[PDB]
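The lines below spell out each chain.
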Amino acid sequence: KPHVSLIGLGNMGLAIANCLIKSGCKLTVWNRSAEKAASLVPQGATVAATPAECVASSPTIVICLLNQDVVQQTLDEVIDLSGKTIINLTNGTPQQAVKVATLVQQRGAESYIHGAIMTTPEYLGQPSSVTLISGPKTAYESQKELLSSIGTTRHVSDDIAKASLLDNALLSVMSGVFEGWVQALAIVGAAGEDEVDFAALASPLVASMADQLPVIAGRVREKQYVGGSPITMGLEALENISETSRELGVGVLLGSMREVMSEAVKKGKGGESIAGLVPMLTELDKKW
Amino acid sequence: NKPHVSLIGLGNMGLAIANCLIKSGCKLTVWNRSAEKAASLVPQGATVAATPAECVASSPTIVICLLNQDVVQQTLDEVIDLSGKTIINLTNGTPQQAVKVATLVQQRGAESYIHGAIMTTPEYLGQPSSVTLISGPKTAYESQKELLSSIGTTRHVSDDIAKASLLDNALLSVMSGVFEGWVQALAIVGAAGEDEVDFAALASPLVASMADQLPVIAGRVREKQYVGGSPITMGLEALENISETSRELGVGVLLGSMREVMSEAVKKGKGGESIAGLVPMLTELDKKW
Ligand SMILES: NC(=O)c1ccc[n+]([C@@H]2O[C@H](COP(=O)([O-])OP(=O)(O)OC[C@H]3O[C@@H](n4cnc5c(N)ncnc54)[C@H](OP(=O)(O)O)[C@@H]3O)[C@@H](O)[C@H]2O)c1
Ligand SMILES: NC(=O)c1ccc[n+]([C@@H]2O[C@H](COP(=O)([O-])OP(=O)(O)OC[C@H]3O[C@@H](n4cnc5c(N)ncnc54)[C@H](OP(=O)(O)O)[C@@H]3O)[C@@H](O)[C@H]2O)c1
Ligand SMILES: C[C@@H]1CCN(Cc2ccccc2)CC1=O
Ligand SMILES: C[C@@H]1CCN(Cc2ccccc2)CC1=O
């Protein structure tokens with residue numbers, strides 16, 4: 001059986017551990033809270049006392065910690081990475097991926113690849129569950145069979161930072177959808193409506209909007225901001241969402257969207273489509 | 001002969017309604033504050049009324065599509081007599097605004113008032129895939145159903161006049177969040193030198209995974225089930241990394257209300273809960289996040 005080490009046994013790390021044991025790995029684990037390995041012990045996992053001991057146990061090291069600062073802290077006293085391949089599945093920024101890749105290279109690592117898991121723990125290991133991988137193609141090819149334990153991989157780039165770039169863009173879309181969905185369900189529930197019946201009404205209309213995301217992308221690329229749905233009109237609709245909510249005693253999200261649309265109107269872009277908001281963001285480092 | 005219909009409002013959506021009503025065979029009379037927006041309708045046989053009152057006198061059915069319900073109310077200050085008139089109001093507004101305008105139209109003697117929420121853009125109006133939600137008296141809806149088929153498929157959601165606007169506001173909340181996240185995503189990948197169209201293709205099946213989990217979250221919200229494998233603490237860390245990814249590229253960042261409500265959920269002891277746990281954050285407190 002191939003020896004694999006895993007650092008991190010949180011919600012996603014434990015799911016990774018179970019996938020690696022099911023695929024036939026000899027697994028060594030480490031977690032700050034060592035008790036999170038308990039369900040792995042009857043399955044034959046070994047628990048390392050320290051990160052260094054965990055890394056010493058295997059030639060392939062998978063990491064899945066909260067963030068890349070925690071990865072750097074955890075690898076602090078891991079002096080010898082010669083012969084080791086690092087597979088980092090920890091969310092972070094593009095430059096954080098560069099920082100961790102450089103750290104492990106300085107300690108003699110053979111390769112670093114980054115992955116962004118685009119599913120939740122309970123679906124990890126299913127073929128529909130995608131993980132985006134970035135890093136040298138030779139390293140991806142060497143790890144692809146091990147990685148198939150967690151589902152389908154997609155090699156998106158040889159640049160080690162690109163999985164995190166794409167992760168952050170995809171999680172932006174997901175965060176916006178969830179912000180809008182939480183607002184919608186708060187309104188519907190406070191009004192005495194049934195959330196499940198509402199979802200049956202809303203899901204197909206969301207599917208339609210999903211099919212326009214590509215249309216918007218092309219217009220953004222081509223700087224085409226003229227259409228039939230101007231920002232002034234969308235902002236009026238958002239102000240009515242606030243008031244609908246307030247009347248029901250419900251709080252309101254979507255404030256950054258109101259603020260960037262309001263400023264677009266002040267700047268003379270009120271007749272533009274929401275594509276016109278993209279340059280509002282790219283031209284200024286500001287939290288709206 | 002062609003049935004007479006009047007339309008108040010010739011903006012982006014009002015002009016698209018006008019064209020649909022003309023294509024379906026109506027004798028259309030229109031009014032708009034900026035009267036020149038009727039110019040493309042005149043060669044098609046539309047009549048232009050001087051005033052809102054003259055527009056309403058011209059037909060038994062009056063469609064309204066104005067910016068907001070305050071503009072509808074300002075226009076109704078100019079319309080005293082709605083005897084023999086059915087009003088179809090397709091103006092976005094709040095549930096209470098719909099109740100108020102229904103009362104104003106009743107005081108003017110209207111036969112009926114129905115409210116509609118158009119859930120598409122102007123260029124798609126008239127397609128049978130395009131949905132408009134309708135609320136108000138079912139007899140009035142059934143009498144207007146053939147006329148309304150000019151703008152696509154209608155769905156009568158409730159006899160309660162406020163319901164189309166309640167559902168519109170909730171659906172537009174979802175759409176606004178989708179757009180907010182998509183603008184952020186496109187700004188990041190554009191600034192990074194990536195192609196937006198290729199990103200949309202890469203994103204397609206992943207956005208699909210996201211859109212199938214909306215009914216799952218709804219059921220969890222209804223049943224108050226907030227425990228899962230994707231805690232708010234972890235999601236908040238990912239959102240903080242979106243801000244820093246954006247800053248590394250010189251790009252601004254949206255999603256602030258989401259970061260704020262999630263931070264407060266952590267303060268209230270809900271950091272281990274799922275997204276569904278944010279819904280009671282909103283229903284328990286009138287606050288702008
Ligand atoms: N869960 C998901 O749905 C999901 C989906 C896709 C990707 N991911 C990504 O997977 C990564 C892990 O997420 P998760 O859901 O497993 O989060 P989690 O359940 O909160 O687990 C966090 C992990 O980080 C460790 N950790 C946190 N702070 C630490 C510190 N100061 N020192 C040492 N260890 C520390 C935790 O150790 P303890 O056990 O000792 O607390 C635990 O192993 C994140 O980057 C996340 O974005 C998660
Ligand atoms: N994608 C869309 O465009 C879309 C989708 C679904 C629903 N809707 C809804 O349709 C309604 C109309 O939207 P739209 O896109 O047509 O907006 P629009 O192009 O901005 O048109 C606004 C309309 O309201 C009129 N108006 C504004 N302020 C006025 C005032 N103070 N007094 C008199 N008239 C005034 C305008 O008259 P002037 O021409 O004289 O300015 C124009 O007729 C809104 O409630 C919107 O939410 C729009
Ligand atoms: C599809 C999964 C969902 C869990 N992850 C984080 C997350 C972020 C915000 C809200 C819930 C979960 C990202 C994913 O890729
Ligand atoms: C489906 C159409 C798309 C334009 N929407 C305008 C809008 C609303 C909120 C935020 C941005 C744009 C309204 C709609 O109903």
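- Chain B is annotated in the PDB entry as Oxidoreductase from Pochonia chlamydosporia 170.

- In the nomenclature of the PDB entry, chain A corresponds to Oxidoreductase from the organism Pochonia chlamydosporia 170.

Examining unusual backbone geometry
Then comes step 1: Unlike most non-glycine residues, A:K223 shows phi in positive territory, near 60°.
Then comes step 2: Relative to the assigned elements, A:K223 resides in the loop between α7 (195–221) and α8 (231–247).
Then comes step 3: Relative accessible area serves as the criterion here: at 57%, A:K223 is assigned to the exposed category.
Then comes step 4: In this structure, B:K224 takes a positive phi of about 55° despite not being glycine.
Then comes step 5: Judged by relative accessible area, which is 59%, B:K224 ranks as exposed.

Quick word on the site of ligand 4
Then comes step 1: By nearness alone, every residue bordering ligand 4 is listed as A:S229, A:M233, A:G234, B:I118, B:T120, B:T121, B:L172, B:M175, B:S176 and B:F179.
Then comes step 2: Taken together, the residues near ligand 4 originate from chains A and B.
Then comes step 3: Here ligand 4 has 380 Å² of accessible area as a free molecule, and 91% of this is covered by the chains.
Then comes step 4: Where the shell around ligand 4 is concerned, the elements lending two or more residues are α8 of chain A together with α6 (163–191) of chain B.
Then comes step 5: Grouping the constituent residues of the shell around ligand 4 by class yields five nonpolar, five polar and no charged.

Some words on the environment of A:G228
Then comes step 1: Mapped onto the secondary structure, A:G228 falls in the loop between α7 and α8.
Then comes step 2: Each C-alpha atom, one on A:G228 and one on A:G271, is 8.9 Å from the other, the two residues being 43 residues apart in sequence.
Then comes step 3: Sequence-distant contacts of A:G228, that is, excluding residues within four places in its chain, are made with B:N12 and B:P122.

Describing the pairing of strand β6 (residues 112–118) of chain B
The side chains of a regular strand alternate between the sheet's two faces.
All names here are of chain B.
Then comes step 1: Burial analysis of β6 places seven of its seven residues in the buried class, which makes it a mostly covered element.
Then comes step 2: Residues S112, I114, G116 and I118 of β6 are buried on one face, and the alternating residues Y113, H115 and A117, pointing to the opposite face, are buried as well.
Then comes step 3: In this fold, the crossover linking strand β5 (residues 86–89) to β6 by way of helix α4 (residues 95–107) has right-handed handedness.
Then comes step 4: Examined bridge by bridge, β6 and strand β7 (residues 131–135) share four bridges and lie antiparallel to one another. Note that in β7 the partner of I118 across the bridge is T132.

Comments concerning the site of ligand 1
Then comes step 1: As a matter of local geometry, ligand 1 sits amid 23 residues, with A:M12, A:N31, A:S33, A:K36 and B:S230 nearest to it.
Then comes step 2: Those chains with residues close to ligand 1 are chains A and B.
Then comes step 3: Between ligand 1 and A:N31, the relevant distance is 2.7 Å, taken from an oxygen atom to a side-chain nitrogen or oxygen of the residue.
Then comes step 4: Compared with its free state, where it exposes 890 Å², ligand 1 has 84% of that area covered by protein.

Looking at the sheet that holds strand β3 (residues 46–47) of chain A
Residue and element names in this part refer to chain A.
Then comes step 1: Ordered by their spatial adjacency, eight strands build an open sheet running β3-β2-β1-β4-β5-β6-β7-β8, and the pairing between neighbours is mixed. If you trace the sheet from one side to the other, it starts and ends with β3 and β8 (152–157), each paired once.
Then comes step 2: Two elements, strand β1 (residues 3–7) and strand β4 (residues 60–63), share four bridges in a ladder whose sense is parallel. By the bridge assignment, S5 is partnered in β4 with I61.
Then comes step 3: Each of β5 (85–88) and β6 (111–117) is contacted by helix α4 (residues 94–106), which is oriented at about 150° to β6, the strand it contacts most.

Thoughts on the domain arrangement of chain B
Residue and element names in this part refer to chain B.
Then comes step 1: Split into domains, chain B comes out as domain 1 (4–160) and domain 2 (167–283).
Then comes step 2: One C-alpha centre belongs to domain 1, the other to domain 2, and the line joining them spans 36 Å.
Then comes step 3: In this complex, domain 1 contributes eight residues to the contact, which on the side of domain 2 involves five residues.
Then comes step 4: Carbon and sulfur atoms make up 65% of the surface buried where domain 1 meets domain 2, a total of about 460 Å² over both sides.

Let's talk about the nonpolar core
Then comes step 1: With 100 residues, the main nonpolar core has A:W181, A:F198, A:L277, B:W182, B:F199, B:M262 and B:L278 as its most contacted residues.
Then comes step 2: Not counting residues within four places of it along the chain, the set of residues in contact with B:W182 comprises A:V173, A:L213, A:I216, A:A217, B:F199, B:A200 and B:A203.

With respect to the domain arrangement of chain A
Residue and element names in this part refer to chain A.
Then comes step 1: For chain A, the domain assignment lists domain 1 (3–158) and domain 2 (166–282).
Then comes step 2: Here the C-alpha centroids of domain 1 and domain 2 sit 36 Å apart.
Then comes step 3: Counting from both sides, the interface comprises eight residues of domain 1 and, opposite them, five residues of domain 2.
Then comes step 4: When domain 1 packs against domain 2, close to 490 Å² is buried across both sides, 67% of that on carbon and sulfur atoms.
Then comes step 5: Of all residues in domain 1, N91, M118 and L132 give up the largest surface area on contact with domain 2, accounting jointly for 62% of the area buried on that side.

Looking at the packing of helix α6 (residues 162–190) of chain A against α7(A)
Geometrically, a packed helix pair is captured by the angle between its two axes and the distance between the axes.
Residue and element names in this part refer to chain A.
Then comes step 1: Look at α6 against α7: their axes get within 10 Å of each other, and the N-to-C directions meet at 130°. By the criterion of interaxial angle, the relationship of α6 to α7 is oblique. Seen from above, α6 lies across α7 with right-handed handedness. The segment α6 lies against α7, with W181, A184, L185, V188 and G189 engaging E195, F198, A199 and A202.
Then comes step 2: The residue inventory of the contact of α6 with α7, partitioned by class, reads seven nonpolar, one polar and one charged.

About the criteria used
Residues numbered from 1 in each chain as written, not as in the entry; some residues may be left out. Chains lettered and ligands numbered in written order. Heavy atoms only, no water. Helix = DSSP H or I, 4+ residues; strand = E, 2+ residues; numbered from the N terminus. Buried < 20%, exposed > 50% of the residue type's maximum accessible area, 1.4 Å probe, protein only. Near = heavy atom within 4 Å. Areas by Shrake-Rupley, 256 points an atom, 1.4 Å probe, with all protein chains shown as cover. Nonpolar A, V, L, I, M, F, W, Y, C, P; charged D, E, K, R; others polar. Contact = heavy atoms within 4.5 Å. Right-handed = clockwise from strand over helix to strand, strands pointing away. Pairing = 2+ DSSP bridges. Polar contact = N/O pair within 3.5 Å; in protein donor to acceptor, adjacent residues only side chain to side chain. Axes fitted to C-alpha atoms, helices over the stretch in contact; angles between N-to-C directions. Domains from an automatic or database assignment. Buried area = accessible area lost by both parts, 1.4 Å probe. Core = buried A, V, L, I, M, F, W, Y, C linked by side-chain atoms within 4.5 Å. Parallel < 35°, antiparallel > 145°, perpendicular 65-115°, else oblique. Left-handed = near helix turned anticlockwise from the far one by under 90°.

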